[PDB]
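Shown next as structure tokens: one chain only, the form deposited in one PDB entry.
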């Protein structure tokens, strides 16, 4: 169940980390951007497959802070990933990666977005990254990484997502402020403005305090 990262992924994790030390908040943009692209894919699939959205009818992005356990959750109802795609897409890279070797070493915020490798910016703010995904062609699995290795396991809780992906970030000590509602709300509203899917933040209202999904875009 344990795996090592491909060498090129190790180098890129260091490149992204070292070049975006100033602008850590971009991690939320990339996670939102990846969520939208996953929703696009299942929408395309639903054009030809009448059953594509049977595991989960809504097409949303839902973001949730868990302050007490130091966790941030980004859940989309996109196409999801099979066990094989978790291992392959997250631990290996392809194809033009090797031109992208020189391009990044030689601003770099736009580059990671173009080449679709923004996922690894999560390690700017997280000591551990956990990816829970459920694809129509497979059972729910869990991918977990501290960047030194990764493991993929079948999810003993079964199919809780229906369809899609949860990115769970165990936030670093100095990234504690990505646990505060107002920070997440303002970042989400900033980076979600042009996402063509609804994006919600689990938020508070006011004499008692009530929690519910608040639409941000």
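Residue numbers count along the first chain shown, from 1. Rigid core: the largest C-alpha set superposing within 1.5 Å between the two forms.
In the record comparison, residue 102 is unmodelled in at least a third of the other entries of this protein that model the residues flanking it.
The segment from residue 95 to residue 96 is interrupted, since 1 to 3 residues of the deposited sequence in that interval carry no coordinates.
Going from residue 106 to residue 107, you skip over 4 to 9 residues of the deposited sequence that the entry leaves unmodelled.
The stretch with the higher mean CA B factor, choosing between 19-27 and 5-13, is 19-27. Per-stretch averaging of Cα B factors for 36-44 and 170-178 places 170-178 on top. Considering 148, 60, 51, 159 together, the PDB entry gives 51 the largest C-alpha B factor.
Across the options 130, 111, 86, 126, the residue with the most elevated CA B-factor in the record is 111. Among the modelled residues of the chain, residue 183 sits in the highest third by CA temperature factor in this PDB entry.
Per-chain ranking of the deposited C-alpha B factor places residue 190 in the highest third. For residue 116, the recorded CA temperature factor ranks within the highest third of the chain's modelled residues. Ranked by Cα temperature factor within the chain, residue 140 sits in the lowest third according to the deposited record. Residue 71: CA B factor in the middle third of modelled residues in this chain (values from the PDB entry).
Note that the form deposited in another entry isn't included here; everything after this is about it.
In the core-aligned comparison between the shown form and the other one, the C-alpha of 90 is the only one from 81, 74, 90, 142 that shifts by 2 Å or more.
Taking the rigid core as fixed, one finds a CA shift for residue 18 of 2 Å or more between the shown form and the other one. With the core held fixed between the shown form and the other one, residue 9 has its Cα displaced by at least 2 Å. Once you line up the core between the shown form and the other one, the Cα of residue 131 stays within less than 2 Å of where it was. In that other deposited form, the CA atoms of residue 43 and residue 116 move apart by 3 angstroms or more relative to this form. Note: residue 127-residue 21 Cα separation is 3 Å or more longer in that other deposited form than here.
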